[PDB]
Amino acid sequence: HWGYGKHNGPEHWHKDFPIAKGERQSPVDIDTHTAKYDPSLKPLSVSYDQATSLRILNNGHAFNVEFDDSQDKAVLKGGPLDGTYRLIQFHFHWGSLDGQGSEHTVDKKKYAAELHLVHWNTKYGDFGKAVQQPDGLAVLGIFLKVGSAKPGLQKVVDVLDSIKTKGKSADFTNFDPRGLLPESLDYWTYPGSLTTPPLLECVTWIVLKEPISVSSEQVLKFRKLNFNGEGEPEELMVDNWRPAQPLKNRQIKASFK
Ligand SMILES: NCCCCOc1ccc(S(N)(=O)=O)cc1
Ligand SMILES: NCCCCOc1ccc(S(N)(=O)=O)cc1
Ligand SMILES: [Zn+2]
């Protein structure tokens with residue numbers, strides 16, 4: 001199975017997922033001087049007041065916090081988007097060291113981690129159908145830097161002991177993802193892909209300019225998770241990020257000057 005190790009990592013993925021070498025792969029480096037301000041970009045509309053979180057799962061590559069997406073409860077609209085995108089899950093990518101972990105980079109700078117809030121276009125009915133469309137998903141990407149603690153992240157950190165290994169899940173109701181956002185909703189946007197297999201080219205990426213800060217203890221607890229299942233040799237879940245891919249025939253637009 002694909003992974004992040006030397007023998008099954010990002011360099012290998014193209015052999016089973018040839019779209020790895022495609023025209024709109026993610027993540028990418030965001031060159032801030034080359035991105036263009038687009039005054040026609042609308043403000044993001046993040047409407048999470050009615051979010052219903054259900055469960056947290058170690059899926060062997062990261063942990064997902066899952067939401068009830070059977071109604072318009074937590075949705076993303078506006079910005080570059082046409083229509084309404086429902087929150088289905090969020091997850092993170094992170095490093096073994098504070099100087100790496102993010103998937104997107106900014107002027108080649110790597111953050112300690114990156115949060116992905118994953119949404120699907122309600123005109124396609126369900127997530128499985130959405131990922132087969134060029135405008136199927138909207139992923140909101142938020143950089144994490146190490147500094148002061150993020151209070152709204154702590155309930156996530158404290159449950160990770162109960163989902164240490166692959167396939168473990170825990171009830172995770174009443175979590176408010178609004179606590180994970182920075183102050184500003186200024187963003188960059190570009191057309192891209194899932195950053196894990198199957199690497200489908202179905203994502204409108206919206207990457208916030210302002211990182212959130214998390215504490216060293218918070219990200220240390222991420223690093224104590226396991227890629228492996230219970231009773232298997234322990235492999236710490238670290239460096240579960242794909243490096244920047246060629247931008248090719250794309251331009252990154254900015255919502256701000
Ligand atoms: N030397 C043996 C290594 C074992 C792993 O083999 C793999 C070979 C390829 C993949 S892929 N194309 O899904 O990333 C995953 C695992
Ligand atoms: N067709 C099944 C798809 C399963 C994977 O779902 C993903 C959903 C989001 C991402 S990412 N890192 O681009 O936000 C990766 C994978
Ligand atoms: Zn992701």
Side-chain angles (χ1 to χ4, degrees), residues 1-22 24-28 30 55-67 69 74 76 81 85-95 100-105 110-121 124-144 156 166-167 177 180 187-208 212 222 225 227-228 232-233 235 237-245 250:
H1 198 67
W2 64 271
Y4 292 100
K6 182 197 302 187
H7 304 289
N8 67 356
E11 291 303 311
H12 292 271
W13 294 350
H14 71 101
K15 289 178 282 169
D16 285 283
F17 308 90
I19 198 71
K21 298 184 171 294
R24 57 174 278 190
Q25 290 290 292
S26 294
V28 300
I30 297 167
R55 190 180 75 143
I56 186 168
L57 168 76
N58 181 334
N59 63 14
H61 314 280
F63 63 86
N64 295 345
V65 171
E66 302 160 352
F67 291 78
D69 65 347
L76 181 66
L81 307 169
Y85 291 69
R86 281 187 200 162
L87 178 65
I88 176 162
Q89 54 101 331
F90 69 78
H91 62 272
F92 303 78
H93 308 259
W94 62 92
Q100 67 199 52
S102 67
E103 298 211 297
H104 293 89
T105 54
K110 301 172 160 97
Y111 285 89
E114 187 172 328
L115 164 61
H116 290 164
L117 295 128
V118 182
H119 316 72
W120 58 271
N121 193 327
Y124 299 124
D126 67 64
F127 177 89
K129 290 291 270 69
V131 292
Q132 293 300 334
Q133 320 299 329
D135 59 344
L137 296 195
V139 184
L140 183 59
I142 302 178
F143 295 116
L144 278 62
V156 173
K166 177 181 187 174
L180 300 177
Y187 63 88
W188 296 282
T189 185
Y190 75 95
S193 78
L194 311 180
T195 69
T196 58
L199 300 167
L200 296 169
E201 291 186 330
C202 63
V203 183
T204 297
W205 277 98
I206 306 169
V207 175
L208 302 188
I212 59 165
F222 285 15
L225 288 165
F227 287 125
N228 55 284
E232 301 175 346
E235 309 166 83
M237 179 179 289
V238 295
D239 290 318
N240 56 352
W241 51 277
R242 188 186 197 197
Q245 302 301 303
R250 298 177 284 179

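Computation of the quantities below employed the complete heavy-atom set of this structure, encompassing side-chain atoms and omitting hydrogens, waters and symmetry-equivalent molecules. Residues take their numbers from the sequence shown, with the count starting at 1. First listed ligand is number 1; within each ligand, the first listed atom is number 1.
- Less than 4.0 angstrom separates some heavy atom of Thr196 from each of these atoms of ligand 2: 15 (C), 16 (C).
- Of all protein atoms, those that are N, O or S and lie under 2.8 Å from the Zn ion (ligand 3) total 3.
- Judged purely by distance below 3.5 Å, without hydrogens or angles, the side chains of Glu201 and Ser193 never pair a donor atom with an acceptor atom.
- If you check the side chains of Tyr111 and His93, you find no donor sitting under 3.5 Å from an acceptor.
- In summary, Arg55 and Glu66 engage in a salt bridge, as defined by a charged side-chain N under 4.0 Å from a carboxylate O.
- Residue-to-ligand polar distances keep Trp205 apart from ligand 2: every N/O pair is separated by 3.5 Å or more.
- Ligand 2 has a nitrogen or oxygen under 3.5 angstrom from a nitrogen or oxygen of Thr195.
- Counting heavy atoms of neighbouring residues, nucleotides and ligands inside a 6.0 Å radius, atom CD of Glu11 does not exceed 12 of them.
- Between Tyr85 and the choices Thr204, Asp69, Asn121, the side-chain hydrogen bond (donor to acceptor under 3.5 Å, both in side chains) rule is met once, by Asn121.
- Side chains of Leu57 and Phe63 form no contact here, defined as non-hydrogen atoms less than 4.5 Å apart.
- Between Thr195 and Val203 the shortest side-chain heavy-atom distance does not fall below 4.5 Å.
- Close contacts between ligand 2 and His116 involve ligand atoms 11 (S), 12 (N), 14 (O) [criterion: under 4.0 Å to a heavy atom].
- When side chains are defined from C-beta on, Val207 does not count as touching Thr189, because their heavy atoms never get closer than 4.5 Å.
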Return a table of N or O atom pairs, ligand 1 on one side and protein on the other, at distances under 3.5 Å, rounded to 0.1 Å.
{"from": "ligand 1", "atom 1": "12 (N)", "to": "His12", "atom 2": "O", "distance (Å)": "2.9"}
{"from": "ligand 1", "atom 1": "12 (N)", "to": "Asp16", "atom 2": "OD2", "distance (Å)": "2.8"}

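- Using a 4.5 Å heavy-atom threshold, the side chains of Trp205 and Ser26 count as touching.
- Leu137 approaches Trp120 most closely through the heavy-atom pair CD2-CB, 3.6 Å.
- Residue contact annotation: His93 has a non-hydrogen atom under 4.0 Å from ligand 2.
- Applying the salt bridge (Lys or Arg N to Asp or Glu O under 4.0 Å) criterion to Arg250, with sequence neighbours excluded, gives no partner residue.
- Taking every heavy atom of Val131 and a limit of under 4.0 angstrom, the matching atoms of ligand 2 come to 1 (N).
- The side chain to side chain contact (heavy atoms under 4.5 Å, CB included) search around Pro134 returns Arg24, not counting sequence neighbours.
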